[PDB]
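What follows is a single structure, written as structure tokens, with notes after it.
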Amino acid sequence: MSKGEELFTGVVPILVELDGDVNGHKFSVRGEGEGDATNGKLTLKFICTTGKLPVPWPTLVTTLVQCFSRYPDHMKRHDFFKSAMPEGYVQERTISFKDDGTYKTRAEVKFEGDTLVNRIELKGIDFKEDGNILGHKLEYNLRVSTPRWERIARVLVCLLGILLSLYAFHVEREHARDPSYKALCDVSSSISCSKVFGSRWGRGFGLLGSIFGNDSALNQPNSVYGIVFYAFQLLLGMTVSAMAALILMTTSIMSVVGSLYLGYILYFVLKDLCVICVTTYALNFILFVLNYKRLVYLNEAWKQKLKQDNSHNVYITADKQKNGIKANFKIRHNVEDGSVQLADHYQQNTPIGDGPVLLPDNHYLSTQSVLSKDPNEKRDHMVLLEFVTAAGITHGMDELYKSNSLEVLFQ
């Protein structure tokens, strides 16, 4: 919905010009290419016309034309960028690099004749000389180390495990020793009712005492090993390392063999039902599957490159007070030594001209970027291939994990 949409039906030439100043270092970047909004495809080449670049190229990708995003028909009344054309829009951004400096960018995106032009003024401040940015310690890509659904599922299963652990602990301490607990459980089916809390296996799995003191602090109610195991799997799940993956795998195998043991006790030698126990067993199995999947991805991701997601979602909300939009998102740059450098993106866009612009509902853009080099280019340069597609708004429930209300919580 606009005249502005008309202008992106074919292939559009793109020109990008950037003047920058990071910690006093001035530099210029000129890129040229073409965009195809029907495929959401960007093909561009950038060169640093002032010698070597003082910042890593991946730190400038977001700075260096969302009007080429592919908006599905259903969402075409939420495309602010195209509706502002040909007059264009001003795009301002603050990008905070954690424990490091900050980018302030102001850009104009507008049509000049046939060419979509993006002129950018950038200034970086308070950057560490030996940081990941000024030290050029960032990998030359924009990949996602672990798939997004695995991170979401991991934090969800770990959280639910911690909650069930805390609740089982609460029942062991403040419920399991009361006689009314025994009398009420013998007549009612409750999630708090289980015969293992006040039992031999309630502390330290039954074993691990008579391997140790039976009064020693190493013998503990199983809910303690619960909070510990699930919080441990959560905090180490944040780190993507071969070491971390091996540790998580081992601990998950321990959790599944312990779950099989206490399950055998639950069905045969202590004949009852425990919903908390069974649920935690299922959570152990899920963590086991996620860790195994993380190892398999760690070994075969190089084969599965051709089918990786590597998509970053930029989250867009309307800004009626300024007749424009706001956007927020976080880019995780991978550091050479295995660490991660976070980049917080605060963004606002306002139309340049006085025309009807589309104020969208909250949605996001899924952006994939591929960075490469030109062997014929002797200057400091970057070849960029982008795929951007708008998402976050449907009617059906079959794809509800794709909705904006659920994706914003995991970023």
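What follows draws every value from the coordinates through simple rules; no lab data is involved. When we count neighbours, we look across all protein chains shown, and the Cβ atoms used for this are built from the backbone with ideal geometry, even at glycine.
How about region 78-145: which GluC sites (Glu not before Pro) there are in a DSSP loop, with at most 12 other Cβ atoms within 10 Å of their Cβ?
Passing both the DSSP loop test and the Cβ count: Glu129.
Please work out the Cα center distance from region 15-53 to region 88-143, rounded to the nearest Å.
Here the two parts' Cα centres lie 10 Å apart.
Remind me, relative contact order of region 184-268 in percent, using alpha carbon pairs under 8 angstrom and six or more residues apart?
Across region 184-268, relative contact order equals 17 percent.
Once the mean 1/r over all distinct Cα pairs of the chain is inverted, what Kirkwood radius in angstroms do you read off?
The Cα-based Kirkwood calculation yields 24.7 Å.
Give the residue list of GluC sites (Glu not before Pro) in region 324-411 that are DSSP loop and have at most 14 other beta-carbon atoms within 10 angstrom.
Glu336, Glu377, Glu399
In the chain, which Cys residues have no partner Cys with a Cβ closer than 4.7 Å?
Singleton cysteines: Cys48, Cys67, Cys158.
Evaluate the relative contact order of region 218-294 (contact order divided by residue number), counting alpha-carbon pairs under 8 angstrom at least 6 apart; express in whole percent.
Relative contact order, region 218-294: 32 percent.
So, in nm, how far is label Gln304 from label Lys104 when the simple model puts each one 7 Å beyond its Cα toward the Cβ?
The modelled label-to-label distance comes out at 4.3 nm.
Report, ordered by chain and residue number, the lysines lying within cross-link reach of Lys402, taken as a straight Cα distance under 27 Å and ignoring same-chain residues fewer than 8 apart.
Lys41, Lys76, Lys82, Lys293, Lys303, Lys305, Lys307, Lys320, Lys326, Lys330
If you find the alpha carbon centre of region 288-321 and of region 220-256, how far apart are they in angstrom?
22
Based only on Cα atoms, what Rg/Rh ratio does region 1-103 have, Rh being taken as Kirkwood's radius?
Looking at region 1-103, the ratio lands at 1.02.
Would you please name the trypsin sites (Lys or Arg not before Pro) within region 1-61 that are DSSP coil residues with at most 14 other C-beta atoms within 10 Å of their C-beta?
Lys52
Would you list which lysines come within 19 Å of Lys195, measuring only between C-alpha atoms, while excluding same-chain residues fewer than 8 positions from it?
Within reach: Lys182, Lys271.
Cα convex hull of region 341-381: how many Å³ per residue?
Spelled out: Cα convex hull of region 341-381, divided by residues, is 199 Å³.
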